[PDB]
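Shown next: my_file32.cif, given as mmCIF, C-alpha atoms.
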data_upload
loop_
_atom_site.label_atom_id
_atom_site.label_comp_id
_atom_site.auth_asym_id
_atom_site.auth_seq_id
_atom_site.Cartn_x
_atom_site.Cartn_y
_atom_site.Cartn_z
CA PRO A 98 117.23 138.68 96.86
CA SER A 99 115.94 141.18 94.30
CA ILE A 100 112.65 140.77 92.43
CA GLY A 101 111.11 142.84 89.64
CA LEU A 102 107.36 142.98 89.10
CA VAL A 103 105.21 144.44 86.32
CA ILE A 104 101.67 145.53 87.14
CA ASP A 105 98.69 146.77 85.16
CA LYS A 106 96.58 149.77 86.16
CA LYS A 107 94.51 147.74 88.65
CA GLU A 108 97.79 146.64 90.31
CA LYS A 109 97.58 143.06 89.03
CA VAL A 110 100.99 141.43 88.66
CA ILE A 111 101.36 140.55 84.98
CA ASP A 112 105.07 139.66 85.01
CA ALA A 113 107.67 138.75 87.62
CA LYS A 114 111.42 138.27 87.19
CA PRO A 115 114.28 137.39 89.55
CA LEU A 116 116.85 140.17 89.37
CA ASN A 117 119.44 137.78 90.83
CA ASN A 118 119.74 134.02 91.08
CA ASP A 119 118.88 133.74 94.77
CA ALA A 120 115.49 135.34 94.02
CA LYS A 121 114.46 132.36 91.88
CA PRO A 122 113.46 130.02 94.76
CA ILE A 123 111.47 132.80 96.45
CA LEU A 124 109.63 133.57 93.21
CA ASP A 125 108.83 129.90 92.63
CA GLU A 126 107.17 129.51 96.03
CA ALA A 127 105.53 132.94 95.89
CA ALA A 128 104.09 132.50 92.38
CA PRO A 129 103.14 136.21 92.23
CA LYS A 130 101.95 136.22 88.61
CA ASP A 131 98.32 137.33 88.19
CA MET A 132 98.08 138.14 91.90
CA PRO A 133 97.26 141.55 93.38
CA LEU A 134 100.41 143.57 94.03
CA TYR A 135 99.66 143.61 97.76
CA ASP A 136 99.20 139.83 97.89
CA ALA A 137 102.31 139.16 95.79
CA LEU A 138 104.63 141.30 97.92
CA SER A 139 103.09 140.10 101.18
CA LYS A 140 103.80 136.46 100.30
CA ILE A 141 107.27 137.37 99.00
CA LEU A 142 108.00 138.94 102.39
CA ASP A 143 106.42 135.97 104.17
CA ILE A 144 108.65 133.52 102.29
CA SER A 145 111.67 135.72 102.80
CA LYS A 146 111.05 135.65 106.55
CA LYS A 147 110.74 131.81 106.46
CA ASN A 148 113.87 131.31 104.44
CA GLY A 149 115.86 133.54 106.83
CA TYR A 150 116.40 136.61 104.62
CA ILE A 151 114.25 138.85 106.86
CA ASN A 152 114.99 138.92 110.58
CA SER A 153 114.96 141.20 113.62
CA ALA A 154 118.45 142.48 112.75
CA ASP A 155 117.91 143.13 109.02
CA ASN A 156 114.30 144.33 109.21
CA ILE A 157 114.30 146.78 106.27
CA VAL A 158 112.89 146.19 102.78
CA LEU A 159 113.78 148.44 99.84
CA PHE A 160 111.03 149.13 97.30
CA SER A 161 111.38 151.12 94.09
CA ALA A 162 108.75 151.90 91.48
CA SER A 163 108.31 153.61 88.12
CA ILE A 164 105.19 154.43 86.10
CA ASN A 165 105.17 153.61 82.39
CA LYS A 176 98.48 160.53 91.54
CA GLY A 177 98.73 156.94 90.34
CA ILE A 178 102.11 156.30 91.93
CA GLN A 179 100.58 157.43 95.23
CA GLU A 180 98.24 154.44 95.10
CA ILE A 181 101.25 152.21 94.40
CA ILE A 182 103.21 153.89 97.20
CA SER A 183 100.34 153.31 99.63
CA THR A 184 100.32 149.61 98.74
CA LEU A 185 104.06 149.37 99.40
CA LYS A 186 103.70 151.06 102.79
CA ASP A 187 100.85 148.72 103.75
CA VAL A 188 102.82 145.62 102.71
CA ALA A 189 105.76 146.56 104.94
CA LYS A 190 103.82 147.87 107.94
CA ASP A 191 101.45 144.89 107.98
CA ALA A 192 104.47 142.57 107.87
CA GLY A 193 106.19 144.50 110.66
CA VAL A 194 109.25 145.53 108.64
CA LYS A 195 110.70 148.98 108.04
CA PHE A 196 110.71 150.27 104.49
CA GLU A 197 112.35 152.65 102.07
CA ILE A 198 110.52 153.52 98.84
CA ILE A 199 112.53 155.17 96.07
CA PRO A 200 110.50 156.56 93.15
CA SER A 201 112.31 156.00 89.85
CA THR A 202 111.94 156.78 86.15
CA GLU A 203 111.97 154.74 82.95
CA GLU A 204 115.28 156.43 82.13
CA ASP A 205 116.83 155.25 85.40
CA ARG A 206 115.18 151.79 85.21
CA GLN A 207 116.93 151.17 81.89
CA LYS A 208 120.27 152.32 83.31
CA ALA A 209 119.67 149.97 86.25
CA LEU A 210 118.80 147.06 83.95
CA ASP A 211 121.88 147.74 81.81
CA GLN A 212 124.12 147.06 84.83
CA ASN A 213 121.87 144.38 86.39
CA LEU A 214 120.76 146.40 89.40
CA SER A 215 117.33 147.02 90.83
CA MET A 216 115.94 150.54 90.55
CA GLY A 217 116.40 150.94 94.31
CA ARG A 218 120.03 149.83 94.54
CA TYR A 219 120.90 151.89 91.45
CA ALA A 220 119.38 155.04 92.92
CA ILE A 221 121.17 154.46 96.17
CA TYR A 222 124.52 153.73 94.37
CA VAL A 223 124.26 156.94 92.35
CA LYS A 224 123.29 158.92 95.45
CA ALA A 225 126.26 157.65 97.48
CA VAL A 226 128.69 158.57 94.70
CA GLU A 227 127.32 162.12 94.46
CA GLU A 228 127.71 162.66 98.23
CA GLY A 229 131.26 161.28 98.40
CA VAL A 230 130.49 157.96 100.08
CA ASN A 231 132.96 155.11 99.28
CA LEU A 232 130.45 152.66 97.71
CA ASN A 233 131.86 150.53 94.91
CA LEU A 234 129.77 148.58 92.43
CA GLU A 235 130.07 145.25 94.26
CA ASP A 236 128.92 146.79 97.55
CA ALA A 237 125.96 148.47 95.84
CA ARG A 238 124.84 145.09 94.40
CA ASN A 239 125.54 142.82 97.43
CA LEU A 240 125.47 144.77 100.71
CA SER A 241 122.36 144.22 102.78
CA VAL A 242 119.56 146.77 102.63
CA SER A 243 120.09 147.96 106.20
CA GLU A 244 123.83 148.26 105.56
CA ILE A 245 123.69 150.26 102.33
CA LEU A 246 121.04 152.65 103.85
CA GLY A 247 123.25 153.30 106.85
CA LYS A 248 126.10 154.18 104.50
CA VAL A 249 124.14 156.41 102.14
CA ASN A 250 121.77 158.21 104.55
CA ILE A 251 124.20 160.50 106.31
CA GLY A 252 122.45 163.91 106.12
CA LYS A 253 124.18 165.18 102.97
CA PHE A 254 121.16 165.51 100.65
CA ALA A 255 117.60 166.74 100.93
CA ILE A 256 114.85 164.73 102.61
CA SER A 257 111.11 165.32 102.45
CA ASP A 258 107.78 163.58 102.91
CA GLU B 88 102.54 147.81 81.32
CA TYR B 89 101.46 150.44 83.84
CA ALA B 90 104.22 150.31 86.46
CA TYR B 91 107.35 148.42 87.43
CA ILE B 92 108.11 147.59 91.06
CA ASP B 93 111.41 146.24 92.39
CA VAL B 94 111.87 144.81 95.89
CA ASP B 95 115.22 144.30 97.61
CA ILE B 96 115.54 141.97 100.60
CA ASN B 97 118.67 141.14 102.59
#

Can you dump the structure from the file as structure tokens?
Amino acid sequence: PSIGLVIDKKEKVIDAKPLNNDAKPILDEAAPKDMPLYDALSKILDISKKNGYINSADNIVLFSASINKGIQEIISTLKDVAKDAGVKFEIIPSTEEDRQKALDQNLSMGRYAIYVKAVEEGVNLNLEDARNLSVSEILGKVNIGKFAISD
Amino acid sequence: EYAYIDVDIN
């Protein structure tokens, strides 16, 4: 499941959309609208664990974010959400330019960034795999030491 | 408005 949230400057969720059909039931039970970003994502992860999407094997969540040191506050919230839930995380900063390219092909900002990155490093990742492979699977395929890493 | 956040699970 892929979910897109819109937040205001105080990190209140003002809009929420399922980026695929199997995100709809999780959004309905989570009801993230008007909630704090931390609360919204924490319940989304809680529901995901209940429904079976998050488990000991696939224990990685992929976040991506774009503005319009503010993003650092957002990034800290995303780290807290994952650590407090006991799941590993990858956070991929994005841009409005890339978000629109992702929307145009019905991909999340995170999967789009990862799909583009794999192509540039010569990894065999077709469009269907980029959209449907599990988070832990696509990260194992793309993160092979062929591009720069930093913290 | 201020920021967009996507989350991918499974």

12 Å contact set for residue 88 (chain B), only C-alpha atoms, chain neighbours under 6 positions out, as a count of residues only: 15

Considering only C-alpha atoms, tabulate each residue of chain A that lies at most 8 Å from chain B along with its nearest interatomic pair and the corresponding distance in Å to one decimal; arrange the rows by chain and ascending residue number and present them as CSV.
residue,atom,partner,partner_atom,distance
A:98,CA,B:96,CA,5.3
A:99,CA,B:95,CA,4.6
A:100,CA,B:94,CA,5.4
A:101,CA,B:93,CA,4.4
A:102,CA,B:92,CA,5.1
A:103,CA,B:91,CA,4.7
A:104,CA,B:90,CA,5.5
A:105,CA,B:89,CA,4.8
A:106,CA,B:89,CA,5.4
A:145,CA,B:96,CA,7.7
A:150,CA,B:97,CA,5.5
A:151,CA,B:97,CA,6.6
A:155,CA,B:97,CA,6.8
A:157,CA,B:96,CA,7.5
A:158,CA,B:96,CA,5.4
A:159,CA,B:95,CA,4.9
A:160,CA,B:94,CA,4.6
A:161,CA,B:93,CA,5.2
A:162,CA,B:92,CA,4.4
A:163,CA,B:91,CA,5.3
A:164,CA,B:90,CA,4.2
A:165,CA,B:89,CA,5.1
A:215,CA,B:93,CA,6.2
A:216,CA,B:93,CA,6.5
A:217,CA,B:93,CA,7.1
A:218,CA,B:95,CA,7.9
A:240,CA,B:97,CA,7.9
A:241,CA,B:97,CA,4.8
A:242,CA,B:97,CA,5.7
A:243,CA,B:97,CA,7.8

Nearest residue to residue 190 (chain A) from the set A:208, A:178, A:223, A:142 (distances using only C-alpha atoms):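 Between A:208, A:178, A:223, A:142, the residue approaching residue 190 (chain A) most closely is A:142.
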
Using only C-alpha atoms: which of A:224, A:143, A:237, A:180 has the shortest distance to residue 249 (chain A):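 Between A:224, A:143, A:237, A:180, the residue approaching residue 249 (chain A) most closely is A:224.
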
Å distance separating CA of residue 136 (chain A) from CA of residue 213 (chain A), one decimal place: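 Computing the Euclidean distance for CA of residue 136 (chain A) and CA of residue 213 (chain A) yields 25.8 Å.
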
Two-atom distance - CA of residue 115 (chain A), CA of residue 230 (chain A) (Å):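 It comes out at 28.2 Å.
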
CA of residue 194 (chain A) to CA of residue 130 (chain A), straight-line distance in Å: 23.3 Å
